[PDB]
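model this:
(2 chains, ligands or ions: 2)
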Number of protein chains: 2
Amino acid sequence: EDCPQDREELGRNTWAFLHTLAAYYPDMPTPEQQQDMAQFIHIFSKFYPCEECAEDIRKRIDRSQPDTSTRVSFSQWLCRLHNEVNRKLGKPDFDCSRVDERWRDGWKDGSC
Amino acid sequence: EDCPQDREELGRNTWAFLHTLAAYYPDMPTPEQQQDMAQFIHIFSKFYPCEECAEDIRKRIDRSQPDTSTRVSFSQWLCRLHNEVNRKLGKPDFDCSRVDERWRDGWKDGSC
Ligand SMILES: Cc1cc2nc3c(=O)[nH]c(=O)nc-3n(C[C@H](O)[C@H](O)[C@H](O)COP(=O)(O)OP(=O)(O)OC[C@H]3O[C@@H](n4cnc5c(N)ncnc54)[C@H](O)[C@@H]3O)c2cc1C
Ligand SMILES: Cc1cc2nc3c(=O)[nH]c(=O)nc-3n(C[C@H](O)[C@H](O)[C@H](O)COP(=O)(O)OP(=O)(O)OC[C@H]3O[C@@H](n4cnc5c(N)ncnc54)[C@H](O)[C@@H]3O)c2cc1C
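Numbering: from 1, shown residues only, chains lettered A, B, ... in the order given. Ligands and ions are numbered 1, 2, ... in the order given. See the structure here:
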């Protein structure tokens, strides 16, 4: 908009960035790309703006390190992580089998 | 609404994340944090989902590496980077002296 992001706005926008990032990550990433994405996620968890949120995500990420082996493993890992936060906030579980429809290709019914 | 984000949508929300990220970066970051934020930016530039956009930012970063010494230096560095992209796309130059109002504290006129 025009004013500082609130917790929810920052969240929606960051998840959008993260899921899209994962959606276009290589299906066949090189060993270096796999190392970089894992490190990116690690650093991300240390600087995500919302203080309370970062403390929370770090604990979740340390418990289940990102699997950056492939586009699918990574996008699924990220979907599972987001779902953990969804459950913490009483939000619905997202069907991870549809992450590509949501963030890359659009719903199969063509509503996008 | 819940559809894959186009170049403009992704960009808008990613800049929001990035500027908020810089807005809350420590005023006195540890050397470790300064190293981490620099790498975050470098990895970010290699994976940002819009290939043309990623290549462009990489070229700009290579000419002026991120200054992660302080919250102010980094926020200003990021504002300058975004302004280069604005100039490229014919968008108005943003007054970097007002980055804190825009992304952290809100406009001085209490508008927010
Ligand atoms: C790393 C991180 C940590 C956070 N921690 C906290 C916290 O501790 N406490 C707190 O109050 N808030 C936290 N937030 C904010 C919170 O997650 C939400 O972003 C915010 O409440 C806004 O919710 P929303 O309903 O708009 O959807 P999100 O912003 O919840 O939703 C983004 C959208 O993505 C889709 N989506 C939902 N789940 C998934 C999934 N699993 N996989 C793929 N797509 C999905 C949906 O289409 C949805 O509308 C965090 C955000 C991030 C990015
Ligand atoms: C790393 C990166 C690279 C990109 N590369 C390209 C590219 O090569 N080609 C292309 O077409 N698009 C590119 N984009 C997309 C483009 O920059 C815009 O995000 C998009 O056109 C939408 O524009 P917008 O007008 O909504 O504002 P941005 O999305 O331009 O604006 C976000 C908002 O932030 C504020 N703002 C503007 N400038 C600054 C600043 N300098 N400092 C602090 N706040 C500011 C404003 O309040 C503005 O409305 C890129 C985005 C990112 C995040």
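
how close does the residue in chain A that ligand 2 sits nearest to get to residue B:93?
Per C-beta to the nearest ligand atom, residue A:2 is where chain A lies closest to ligand 2, at 6.1 Å. Using the backbone N, CA and C atoms, a C-beta is placed for each residue, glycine as well. In this view, residue A:2 and residue B:93 are 16 Å apart by C-beta to C-beta, to the nearest Å.

And the two? Which one has more around it.
More neighbours surround residue B:93 than the other of residue A:2 and residue B:93, with 11 against 8 (other C-beta atoms under 10 Å in any protein chain shown).

Reduced to three states, what does the closest residue to that one other than its chain neighbours come out as?
Excluding the flanking residues, the one nearest residue B:93 by C-beta to C-beta, 6 or more residues apart in numbering or on different chains is residue B:83, at 5.4 Å. Secondary structure, DSSP: H, G, I helix; E, B strand; the rest coil: residue B:83 is helix.

quick one, what contacts residue B:83?
Neighbouring residues of residue B:83 by C-beta atoms under 8 Å, 6 or more residues apart in numbering or on different chains: B:93, B:94, B:96.

Using TSV, lay out those residues together with distance to ligand 1 and secondary structure.
Listed next are those as TSV, based on distance: C-beta to the nearest ligand atom, whole Å; DSSP: H, G, I helix; E, B strand; the rest coil:
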residue	distance to ligand 1	secondary structure
B:93	30	coil
B:94	24	coil
B:96	26	helix
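
And for residue A:73, the neighbour number?
17.

Equivalent analysis for residue A:85, please.
With other C-beta under 10 Å as criterion, residue A:85 counts 15.

same thing with residue A:6?
Neighbours of residue A:6 using other C-beta under 10 Å come to 9.

now residue A:80
15.

What distance do you get for it to residue B:112?
Applying C-beta to C-beta to residue A:80 and residue B:112 gives a distance of 35 Å.

residues in contact with the residue nearest to residue A:105 when sequence neighbours are not counted?
Excluding the flanking residues, the one nearest residue A:105 by C-beta to C-beta, 6+ apart is residue B:4, at 6.9 Å. Taking C-beta under 8 Å, 6+ apart, we find residue B:4 in contact with A:20, A:23, A:102, A:103, A:104, A:105, A:106, A:112.
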